Structures are given as C-alpha cells and as structure tokens.
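For the first sequence, the residue numbers in the deposited numbering are 11 to 152, 171 to 237. Structure, as structure tokens:
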Amino acid sequence: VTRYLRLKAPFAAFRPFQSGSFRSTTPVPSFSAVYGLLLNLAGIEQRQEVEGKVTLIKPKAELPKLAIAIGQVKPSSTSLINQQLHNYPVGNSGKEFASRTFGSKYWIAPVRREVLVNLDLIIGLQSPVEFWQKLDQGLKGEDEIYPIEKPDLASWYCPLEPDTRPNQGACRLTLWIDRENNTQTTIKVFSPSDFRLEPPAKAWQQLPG
RNA sequence: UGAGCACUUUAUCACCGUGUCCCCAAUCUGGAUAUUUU
C-alpha cells in the first residue's frame, strides 16, 4: 500500500441489500460503499448516470483499478430509532392511489430500522500517484478525515476459510453489486482479526471495480 | 458536492373526602500584713 488515512463519524447506517419489510444493519460498511465514497470524495463523477425506472448499469471497461482493505478501532453498539416510512403498494392499488399518479409514493405505513451509535475507520487505499494526487486536490484544491497512517494501528478484517473459528464476525458483506439480474458478489462472510500489527496481505483485496 | 434515499407517532379529560391526648418542683457552706524627697 502507498498510504492510508483515518476518519470518524458519529452516525451512519448500512442497509442489507433488500433486507425486507423491516430493515437491519451491519457493524461495518460494505466494500462497494467505501469504494464509492472514496471515488466521490476525489471529485470523480460517476461514469454512468443514465435515467429510467432504475440506474446503476456499470460496465468495468472504463473504471479505475485499485486494491482496498478495511479496519476497525473501537466496537460500537446499535439502536433502533424510527416508527414510520411509507412504501409503494403491491396489489389492487385501488381508488385514489390510481387517481393521483403524481410520482405516487402513497400509502404511508409504519416501519422501524436501526442506527449505529458511533463509527471510526482507519483504512486507506493502494493506488497510483496520480489518483492520490487528484484525491488530495478534491479534498484540498481548486465529518473529518486526515492521514495518520504510521501510528494508531488497530484490528482488521479478512475473509475466513473453513477453520479457525472466529468471534463476532460480520454475517454478510458486498464486494461489487449492480441493481440488475446477476450473481451479485461471491463471498459473504468476513472475520475480524485483533492484533496491533500491520494487517496481512490477505486483508488487502484487489477490487474489480 | 452520488448512487437504495421522502413527505408527523398523529389529536382529548376531575381523589371525594372528612377528623388531634390528659399529669407532675431538691439540698449546705468566706480570708490574713505593709509610705517617702524637688
């Protein structure tokens, strides 16, 4: 890796991909979300932004190549703070609903979901010099994030093989997802490793995106 | 500052009461000597 930078945030939420009627969350963000956040923070606009019923139709032909890991310093708890969020009905969709048709989003119904009390992340990116330079220009050029790479090292994550039973692992995770018919991502489960030493090469994952 | 991203936990109201007591008090004890110049 070239260098890595640290950040923290008080509140966040990471929905499982089509969790269901009742939402849920995961202790750590997905790799795809982190990749998108880093791409946007550099000021790189999305490669494709066509419009229609849906979006996110992304070929890999023109897209930066890069390798990302993930880290974690302090465990955080979870809470549930919501009572309502409307939806789009399935069924008759009778009476007025069919009468209005104004970007409908009618039939408000109650539903709850989860939030994270606190969040802090440490990992950065292994990338060529030009990409890091333009990322710095996007951050500084024409909540809070800053590089403390060498000190302040904490635990990390890594894919797990059928041995060495881990503790408090993440149930599911996403690598590269497109909102269409596909095979989604291959590996789901991940395992945390606790040691104040540089993460192993297995922790680094070369992202296809 | 980008893609899953909505539209509210929403609107009202008394604890009624009433009601407190009488009795009382002790004692004893004291002291000694001492001034002179403008």
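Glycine included, each C-beta is placed from N, C-alpha and C at the ideal position.
Would you kindly check if the distance between the Cβ of residue j and the Cβ of residue i is under 8 Å?
i    : j    : result
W184 : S219 : no
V11  : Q136 : yes
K216 : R200 : yes
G197 : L131 : no
Less than 8 Å between the CB atoms is what I'm expecting for residue i and residue j, so what's the real figure, rounded?
i           : j    : result
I78         : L235 : 5 Å
residue 165 : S87  : Absent from the coordinates is residue 165, which sits in the stretch where the chain moves from 152 straight to 171.
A182        : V83  : 4 Å
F24         : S40  : 6 Å
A52         : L145 : 4 Å
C186        : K230 : 5 Å
Under the three-state reduction of DSSP, which class applies to residue i: helix, strand or coil?
i           : result
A23         : coil
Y185        : strand
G81         : strand
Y116        : coil
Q58         : coil
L17         : strand
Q94         : strand
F223        : coil
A71         : coil
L131        : strand
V125        : strand
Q196        : coil
residue 170 : For residue 170, nothing is modelled; it lies in the interval where the chain passes from 152 to 171 with no residues in between.
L49         : helix
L235        : strand
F107        : helix
residue 159 : Because the chain is numbered from 152 directly to 171, the model contains no atoms for residue 159.
Looking only at its own chain, which residues have a Cβ that is under 8 Å from the Cβ of residue i, when we skip the five neighbours before and after it?
i    : result
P175 : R13, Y14, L15, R16 and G134
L129 : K18, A19, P20, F21, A22 and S86
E59  : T65
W232 : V11, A77, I78, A79 and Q136
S114 : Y98 and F107
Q212 : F27, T202 and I205
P179 : none
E172 : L17 and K18
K68  : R57, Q58, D206 and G237
Among the residues of its own chain, which have a CB less than 6 Å from the CB of residue i, if the five just before and after it don't count?
i    : result
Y116 : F107
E177 : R13 and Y14
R207 : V64 and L66
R224 : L181
Among the residues of its own chain, which have a CB less than 7 Å from the CB of residue i, if the five just before and after it don't count?
i    : result
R122 : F32, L90, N92 and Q93
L73  : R57 and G237
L149 : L51
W142 : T12
I'd like to confirm something about residue i: is its beta-carbon nearer than 7 Å to some heavy atom of the ligand COA, or not?
i   : result
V38 : With respect to the ligand COA, the structure offers nothing, as it holds no ligand at all.
Hey, is the stretch 77-96 in contact with the stretch 27-47, meaning 3+ C-beta pairs nearer than 8 Å? They touch, by the three-pair rule.
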